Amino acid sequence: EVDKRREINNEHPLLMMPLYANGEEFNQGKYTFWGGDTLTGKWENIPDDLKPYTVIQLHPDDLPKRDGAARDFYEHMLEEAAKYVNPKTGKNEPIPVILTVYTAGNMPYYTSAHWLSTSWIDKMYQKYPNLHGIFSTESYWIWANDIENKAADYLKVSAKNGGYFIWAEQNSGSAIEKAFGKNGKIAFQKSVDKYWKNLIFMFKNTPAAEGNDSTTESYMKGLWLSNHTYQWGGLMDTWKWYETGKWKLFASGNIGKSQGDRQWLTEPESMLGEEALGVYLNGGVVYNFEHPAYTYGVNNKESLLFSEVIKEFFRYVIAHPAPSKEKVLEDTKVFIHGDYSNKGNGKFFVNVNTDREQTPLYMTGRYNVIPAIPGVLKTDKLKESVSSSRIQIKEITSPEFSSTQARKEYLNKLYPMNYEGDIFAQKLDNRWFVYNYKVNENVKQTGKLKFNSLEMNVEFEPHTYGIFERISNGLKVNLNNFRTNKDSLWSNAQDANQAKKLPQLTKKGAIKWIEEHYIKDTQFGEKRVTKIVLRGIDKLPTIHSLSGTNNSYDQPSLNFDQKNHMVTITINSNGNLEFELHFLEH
């Protein structure tokens, strides 16, 4: 094993920071990125506390589809990264980079990445110590005849150099199963046997109409737990709103895949945090997002989605490392072996822990994410673990998984009910994680959570998550319900028919909209109410260390009922929020 170029694990998580090449400007002799970020400027902007956990991911986007274009662009940017000087200290501090080397099956009619040989990648790794890895993303819809063979070579060249091969894919058309050899293409299977410690496997939740979110995430987790990948994570994509045909928030009717650039702007900001919790709570540690202009920003500035949701979430997962492999193994009661593609794909989990076929959220944390690996793989390394002795490893073809009802009846024997209410909640140590699981329905949810004898009842609007930690002197609360008003994008359309017929915003138009109406002159959402009721409290709690998104919250209201030893906390806000309540139990 050659020494790893960086650590990627629960204590050293990874936020990929995408920069997409502007191929139009490349044709004009310029080296630029869509949205106006620069490599140096973006890196400089990254808060210093996050720099150790953040890597610039170059993507070749619409560079010309000809030999040399991607190499030229990439070499230019690798040089810029390598030569970077920290202005505050005058020292050369090479910027860490991941290159996107494979996408859309590397077809020459789809991507300039086609013309990036493994020889060239090896050369770049050897020339640039700051090249930490290479990335393959989104080939499920164009599963090239040699994709597994190519993937083996990317993993091997990364292992040769101590870098990581990172692959983001969704289980559409059995993609994840095929990657590991389902249909007899076993080169990557063999590569992973040798080099899994240099592999990161991520979901890519883009193709949302196909509903493969839960099954792909199950596989990512299972592959990690069974030593087929070093770590896992996910790429969470606001284009899901386009893929599923949604339009104005909460509006009825479906417009199909007709208004892409309006659609990728509309997903509520805080919903990205809801998605990211599924990674974190299940031991994943690598995070990436699209569309980058909305999820990260433009012109070397942070979007509000980034500053108020993603940045704060990522800081949280650094301060509170995700559960380790050992911990997740100890907690796992059921591990599935077999192909979801033969058991309804995403339908497998509908009415088990997801509320519908097309969602990136869960409706209960009772089972967490049930880990699985494809049928082609073996569970030998899983069983060799000192931490796997109490796991029931079950074939997906088992009677226990034959129907929705059978799944719950089986899982309920091993995963006890641990809260009440129709809401998502999951407990880790002294922390309850809660969110409203509605996607595009304006419906409040309620739940009853306990910390031993202390009862906490919550009421949440959609697009709201919270983290409630019992601390020695009371409760720490982190709340995020940040959701700006996107109705302006949908003006002039009273119904779905009209919305479908709107003029296209276009890619350039959406970037401009972000600049003119999101980075500045933002149409913030209305403050909305969250309720928290604590029962079993001695005296009126005190509030401490209150902070959050500027101008986004009223002072929380505390109403203590001495006779009933309870307090009702009413919050009116739209943003991230943090505070501690200090109290004793009765």
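One-based numbering along the sequence shown.
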Can you tell me whether 108 to 116 has a higher mean C-alpha B factor than 405 to 413 in this record, or the other way round?
405 to 413
Per the entry, higher mean C-alpha B factor between 12 to 20 and 562 to 570:
562 to 570
Identify, among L50, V55, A70, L58, the residue whose C-alpha carries the highest B-factor in the deposited PDB entry.
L50
Which is it among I373, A151, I176, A82: the one with the largest CA B-factor in the entry?
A82
By its CA B factor, does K246 count among the lowest, middle or highest third of the modelled residues in the chain?
lowest
Divide the modelled residues of the chain into thirds by Cα B-factor and specify which third, lowest, middle or highest, holds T206.
lowest
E330: CA temperature factor from the record, placed by chain third, in the highest
Rank-wise, by C-alpha B-factor, drop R390 into the lowest, middle or highest third of its chain.
highest
Entry-reported C-alpha B-factor of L63 relative to its chain, by third, is lowest
